[PDB]
Amino acid sequence: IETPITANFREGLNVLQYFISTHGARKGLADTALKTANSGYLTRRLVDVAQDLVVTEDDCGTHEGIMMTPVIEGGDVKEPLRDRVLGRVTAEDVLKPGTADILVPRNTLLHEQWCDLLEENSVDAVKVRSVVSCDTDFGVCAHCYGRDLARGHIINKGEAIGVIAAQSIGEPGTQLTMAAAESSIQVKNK
Amino acid sequence: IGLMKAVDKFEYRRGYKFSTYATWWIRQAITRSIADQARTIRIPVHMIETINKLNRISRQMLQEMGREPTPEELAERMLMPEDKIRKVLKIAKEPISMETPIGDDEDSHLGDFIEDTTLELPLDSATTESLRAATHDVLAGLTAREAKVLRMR
Amino acid sequence: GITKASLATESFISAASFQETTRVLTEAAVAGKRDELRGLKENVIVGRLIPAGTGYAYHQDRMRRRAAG
Amino acid sequence: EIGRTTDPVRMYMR
Amino acid sequence: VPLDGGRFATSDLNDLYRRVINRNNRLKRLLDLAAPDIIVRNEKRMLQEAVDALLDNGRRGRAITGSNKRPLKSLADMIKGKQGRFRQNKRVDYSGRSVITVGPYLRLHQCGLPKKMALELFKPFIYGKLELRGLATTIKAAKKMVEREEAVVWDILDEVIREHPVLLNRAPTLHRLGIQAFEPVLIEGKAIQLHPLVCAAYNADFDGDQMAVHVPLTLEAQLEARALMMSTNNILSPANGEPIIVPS
Amino acid sequence: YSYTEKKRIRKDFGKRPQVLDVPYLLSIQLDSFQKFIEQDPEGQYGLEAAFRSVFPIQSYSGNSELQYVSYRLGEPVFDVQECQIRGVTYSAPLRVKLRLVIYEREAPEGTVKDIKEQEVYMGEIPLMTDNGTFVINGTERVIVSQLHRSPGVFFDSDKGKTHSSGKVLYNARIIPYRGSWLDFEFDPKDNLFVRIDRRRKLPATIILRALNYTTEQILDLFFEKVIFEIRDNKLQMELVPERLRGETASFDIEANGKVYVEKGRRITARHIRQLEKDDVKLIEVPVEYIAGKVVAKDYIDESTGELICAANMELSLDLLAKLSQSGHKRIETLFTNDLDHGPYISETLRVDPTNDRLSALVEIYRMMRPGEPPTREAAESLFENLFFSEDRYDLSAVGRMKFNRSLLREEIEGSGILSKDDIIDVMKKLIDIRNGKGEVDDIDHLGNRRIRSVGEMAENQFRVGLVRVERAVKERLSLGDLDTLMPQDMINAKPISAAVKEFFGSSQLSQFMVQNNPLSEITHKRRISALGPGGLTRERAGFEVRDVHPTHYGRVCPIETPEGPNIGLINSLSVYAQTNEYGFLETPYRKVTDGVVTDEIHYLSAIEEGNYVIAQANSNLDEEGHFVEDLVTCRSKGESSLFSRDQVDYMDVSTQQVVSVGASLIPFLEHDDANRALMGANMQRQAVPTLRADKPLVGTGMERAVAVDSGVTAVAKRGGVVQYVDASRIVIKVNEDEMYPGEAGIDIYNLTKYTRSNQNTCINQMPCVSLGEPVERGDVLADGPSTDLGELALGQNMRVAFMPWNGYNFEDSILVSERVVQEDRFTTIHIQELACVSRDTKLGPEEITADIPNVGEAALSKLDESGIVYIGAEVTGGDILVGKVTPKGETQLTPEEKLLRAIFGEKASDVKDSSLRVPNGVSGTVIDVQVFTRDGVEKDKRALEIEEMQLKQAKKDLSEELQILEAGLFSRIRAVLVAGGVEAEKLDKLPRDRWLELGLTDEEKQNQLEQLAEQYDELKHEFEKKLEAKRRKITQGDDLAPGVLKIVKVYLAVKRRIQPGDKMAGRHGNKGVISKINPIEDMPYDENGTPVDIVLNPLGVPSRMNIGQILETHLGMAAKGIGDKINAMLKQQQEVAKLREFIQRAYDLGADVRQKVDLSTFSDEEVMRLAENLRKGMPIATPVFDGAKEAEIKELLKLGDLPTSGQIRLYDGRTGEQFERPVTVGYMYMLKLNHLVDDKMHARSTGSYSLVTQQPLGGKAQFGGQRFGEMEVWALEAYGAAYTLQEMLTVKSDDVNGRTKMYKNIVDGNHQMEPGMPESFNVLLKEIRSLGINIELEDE
């Protein structure tokens, strides 16, 4: 609207300022009443395709992983490289940028120290083992999945990672419902 | 199946057209079929003549009397023994379907609220299991030959 | 998708449970399937130990018992 | 002439 | 089943089975009476619509119920989703529910539980003590000692609840932290108290939200409610390593 | 100045005067049922217009008429309260006169013979109570209104999604009140299409060809002609100048001498101007240009006689040469310019296969009733029965208005059914929407949604029932014989009375009354539901009709709806709204003259209000109606703006005209977020009426209109003088001038002591006056549930403080002092009911004998020897209330126990015990017992003792009414009869009974003598007959269900206190569950020891933006600051000169306010009584948007010696040190919603089990277990927990013999289970095998 409600909630709002504000409290409630019925069907399907998946082996053996490069948002970073690769195995042991400087060994958990050790050094990407590439039949090995839990250990053999993964993606959404110049390429760096 | 019998027994020499004779054997059937396969808990055919008489006569007393009919005035108007009109009233009601959605039209039906009585309380079964303790122990505290006949009796 | 990939599973109970049911019993009955109960949602229906968690241990002994002593 | 009719009462009279 | 008062409450299948056995019973007759092929050929066409109103009613003229105006409910409309299965996708005994409140004097691993409730969930356990300690001769004589609320049971009920973890769980259980065990402590009132730190896991404001409580019966089921599910094991949410017991 | 005013005058802020008074709040209901049952000798809506919509029923070619004369509503048999006790509806029989005239079979149509059938009785119709609430089965129900689309023509587009390439497809629609639909529309290729209710699509010309229109006339109505002539040179075409609008010409532009344009150039505005100046009518045209047209009409070969060209056939050059010689010159084409004149009807002329009328109906038939083969007289029959048959199509009285109004036609009256002139106009106006010169109509606009009250829904259901009787009277008047039957053998009372009785008894609308307040009932009658029969659905309707259009301003409340699945589909009506004559909602507006604001008030509809320019209620006027501002704020076309002082047309009435009746009582509503002020209007219809409420310390002045407009108060009906107060009766001695002419006497109001509402709360009234009060017309005599002296007190108001106290109010929860439990201010009363019926089994009948098998005498202590409990005996859980035993044989007892009997000889009883015992967890006296017996079974001793006690009361007041009403009959004539003969001291020696022989002079004194006497004899006959009729319905039996022998209903009056778990809440949507009840001394005490009584949390105000509470907590403190400043002055008994000095300074006290409260009041006996009601606190008031500005508050605190900032320093309660940084302390009016704790907490260890599947449920005083639903099993597979999961769905719920072991293992201390397979899976194999499918289990 062209004219904004120009008085706060310490002075009154006359009738025409209140009928204007009364709308947004309707679109507010007609969505939270609907975002529950809608996100209650998105997590009911995720936990019925990912139902039968279970850590069913102690280690697979495959040498094929992925590369975890930090996301780059133009002049800003969306996520640091460390907080993306914490708690994971390492397919090919990265070294210092100088050759033959193998600091992190062959595949090992990247816990709170091996990250910062790779924080002291200057590596720009790591090749970690992902669960989309494990070679096991009917399940995934333990090392391929990784580290995370409510606990801190590696993921125990037998744990049902299928259903605790479809709920972590469905429990949000209930609250996640939904200067523009662009002239000069101006970066903070040199 | 009615009209198939009318033309079976049709006789034309009496001159009466087929319609004014086939109309009897036809309406004969559909009023005999309705009394045979219209109810879940079937009531006999000789009784539906009595139920239908109670509405043909409880409707005629509804206009004259104006107010409504009583359980005894039918006994006066008709000729029943004042109690058969009280047994003919406890019959004609049909069975409520066990999926009729109860009030508020929630996600609930009538079939979710009718408990069952064939079962027994597991404290009623936990006693009879316990009772065999005493009658096997108390009755074991008898003599031998005098307890066997007590158990065989 | 997640809606068409949960239909084409090997079982016919983990599909008939949540998806369209009239079409998953028809197609399974014609072919004569044999659901081997190697899952969770097909294994809580029958009412026994789900094969992941505290119940996964005892399933180590059940597959180690058939095809042998 | 069979205009996708289903119920028999349509098919009886016809 | 006969309702109370004379009416019966039939299932909606005895309305459909009577409609096949009746039509099939007539078609047995027309082949003995030898009707023309305009009728018997109309019979099979009428039977076959009644067998297919039994299997999956609705893919036809929708043979609505008699004596009422809603459609009947055939066999294939019984497995068909109510949003989920007919079997287990199970209402449950040993349960309850009440209005939660605050109670900020509790430790992290215990929740209140009213005397009037705990005396009703743990009934079969209490019957064990009153017949083990010899206080009741037989079980029928123990059922009348718990109904009087004699002053002895209030001290036997406290030993039944020594280390018996119960399971509090709120209604729209989104994630695995929505179910957590607790070691009860008997209070007086009718509100299930609850440690304030955990109320951000259930997402529970204290303005009328209720919470069921269950009871793990067997001996392996009150260790799984103490090793795996206890409330002091879950201080890291599974979606990410960030804590879940932040003072709110 | 009313005598209720001078008992307590509420101080009133607010500046704008009030011009319109709040109307009678129940006109929505009480008025639109008066239209229904009332003699209307004309054709308006009403019952009389329902018969004329059917009668007279002309016979089926027999011509023996049946015609309607008049009806008449008899009186009910029972009155209201007898209809609520006895348990049967409150109706009124209906009588109709019908004349049956039998014409002559062959002779002239003369008055042959007839019989005036003496009022064939055709059903009962329920009657509305005094307040607007029906009584269906001893339960007052309420019929909400409905908000549905009005019948008319609604053009609409549905842009965007269609075809994924734009292509707005503007369609029409025609919705009648009764009959099929009709739905034109476009397609993605600009071809009109017609549709029915929803059948397959048809080319839209296929209906025009059915109306007997040929391809020529179809193209004559739609297009314009372009005449062509051939005057032996180059085919000169006529031309008007305007015909060249926006054209791209491409010929040799010649006209009237001058070549204006050139080939490949567009036409100018001055190009046209060269045409009128030149008078350009005929031009030269090329010979190839005519190959891009279509023939106007048919040109046949006049030379030969073979059709050369038919309409809608574009031109071929040979056809020109075929035409250049054919002997024709009056050629014609179609004016079709693609910019504004599209040939939309042309193309559908080609896709239409049918080209003659009879072969179009055969196409309409073939798609309206598929399968069957067509005919001739059938297809003609169906089409003229669909729309133009007055019985099966009735647009409306209103539908014609919205129809003519939408086509810009003249009048508003018209035939109810369509015509050929209407289907054409809609197609044109639909086409004009496509070409640009029209606008569509959004469905949400409140000028397209009418309101159906009760009187318009019952009749519409009645007339549907009336037709059903017409179906049988014909076949009995045509198939049956007409020899001697009367007009009482064909009419049926069961079908007609069933068509309506099912309406009030079951519907989406005819719902129970939410009756736990004087405000939750009065806001349930003004609901405007959009659901119901013939309306929306909670899952179909999207966000489009859940939002708030800018037309709701003044008609429907924006800030009061539910919050569940139907937010925005309930829409409680507004405060000043009133429906139109047709049904559309309207609102008052002060007519604004040239300069001055008048007061003649107009009600504007929803489509009229969008024209004028309307000011706002808050615009100052200089005591003459002139704005003091040259510019004002207005809203003109649905938008806000500024305008000139002399440019507005209307100004709104007042400031509280936008809001509902619910949200009009929140004080400081303007300071609240619309979110949390929406939870305010839903926590005042749930507040329970406490023991004896007091008042709102900070009201909003719109309370007296909610406790008088509802029926809870016993408002005085004629002014006078109270003569006998009592806890259950008031006797108002009427005044003189308000007294009837002859035989008037006095009035009397009965009260209604402790009775049971619909939620089991109590509703009892109390007197508030004493002996000698001058009552007046409209005064108040009896408070009700939550009213006080007329005001509407919903709850108590208690000293509240905002501070976090030790974590005992962590979340929204609340703390509570123990001084709020001792004083018993939140203790409410509840009144249950228990019923014990003794059916008539087939094994013998049950008994209500007071002997019960093997029951200890401790249980049979309360109930007397007759079997029923006493009256007043305080019972508790598990006690006995009605001894009842049922006959039981067929023992066959077990073998082991069969030894147990022989050992002790315990006689097995013939009868099983099934008495009624009080439900667990309840305790309260038994305040009332009633007994119903089937007429034909003897009354026991207790059944008579009950009956006689009301037999002595029924005749007591019915006769004692004379003994008190005789008191005034003589005393009125004694004050009159003293003349006309001197008899004043002889008037008592002359017997007051024996005055029929003598009398007085011929005046009203004597006119009253035989006046009183003839009804004196008739009050010997009429009162005595009122005794027999009263003493008749007492003794007789009852009308029970079939089989039932005798019922027994028992009441309990339990009195529940407050406790942890309850749910208190203020007015501003700040809920909270009481967390603890402290002692008296832990609560923070201020400087003078007065502890606070609640401790709210201050972390609720920053996020939830309700700053109402923090302002009501201060103005609630200034008001109670005057309370302790007067209570001290009145306690030293200073003088009535000091009070009138203070109380007068406490009333001016503002800034340009409109009170004028004081100084006309009595000398000392009224001020000391006004000041004696203000000692608890002077009730401030605050209108909704004319609030109390902050400076006006602070100036009231400074008069009370309180600190201006509103924050004191509280000392801790336990330690004794002082909280640094002072705390707030005020007086917040606190409700107490009825989500009590001891109705929420269930628990179950073992109980009933369902029937088909063996899981648990609650029908045996042990409700089901919880719902371990599908969402909660994924939270037990997330953990590895798989032993908890197995027993939670095998042993604890569903297995049959795996759980009877798990109950015997538990009692022995062996916690171990044997699962087995659930019984809810074995039913899933029997339910699959019962199809063709075969299902089994392998073996290994």
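Note that the chains take the letters A, B, C, D, E and F in the order they are written out, and that residue 1 is the start of every chain.
Basically, a residue touches a chain if its C-beta (ideal position, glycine included) is under 8 Å from a C-beta of that chain, and two chains touch if they have at least 3 such contacts.
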{"item": "Minimum number of chain-to-chain touching steps separating chain B from chain F", "value": "1"}
{"item": "Distance-maximising chain from chain C - centres being C-alpha averages", "value": "F"}
{"item": "Chain whose mean Cα position lies farthest from chain D", "value": "A"}
{"item": "Centroid distance [mean C-alpha coordinates] between chain F and chain D, Å", "value": "46"}
{"item": "Between chain C and chain F, centroid-to-centroid distance (C-alpha), Å", "value": "52"}
{"item": "Cα-centroid distance, chain B relative to chain E, in whole angstrom", "value": "34"}
{"item": "For chain A paired with chain E, centre-to-centre distance based on mean C-alpha positions, whole Å", "value": "36"}
{"item": "Multi-chain contact sites of chain B, meaning residues that touch two or more partners", "value": "90, 111, 114, 116, 123, 126"}
{"item": "Residues of chain C whose C-beta touches two or more other chains", "value": "17-18, 25, 40-41, 44-45, 47, 50, 52-54, 56"}
{"item": "Residues of chain F whose C-beta touches two or more other chains", "value": "1042-1043, 1246, 1251-1252, 1257, 1273-1275, 1277-1283, 1289, 1294, 1303, 1307, 1318, 1321, 1328, 1332"}
{"item": "Listing of all chain pairs that touch each other, if any do", "value": "A-C, A-E, A-F, B-E, B-F, C-E, C-F, D-E, D-F, E-F"}
{"item": "Chain C residues touching chain E - in the complex, by the definition given at the top", "value": "16-18, 20-22, 25, 41, 44-45, 47, 53-54"}
{"item": "List of chain F residues in touch with chain E within their complex", "value": "806-813, 839, 878, 921, 1041-1044, 1059-1061, 1063, 1071-1075, 1235, 1237-1238, 1240-1247, 1251-1252, 1255-1257, 1264-1268, 1270-1276, 1278-1284, 1287-1289, 1291-1294, 1302-1303, 1306-1309, 1311-1313, 1318, 1320-1321, 1323-1324, 1327-1328, 1330-1332"}
{"item": "Of all residues in chain E, those that touch chain B in their complex", "value": "1, 3, 6-12, 14-15, 18, 22, 26, 29-30, 33, 35, 65, 67-68, 70, 73, 82, 138-140, 143"}
{"item": "Chain F-facing residues of chain A, complex", "value": "3, 9-10, 12-16, 18-19, 21-30, 33-34, 47, 158-160, 163-164, 166-167"}
{"item": "List of chain C residues in touch with chain F within their complex", "value": "25, 29, 34, 40, 44-50, 52-56, 66"}
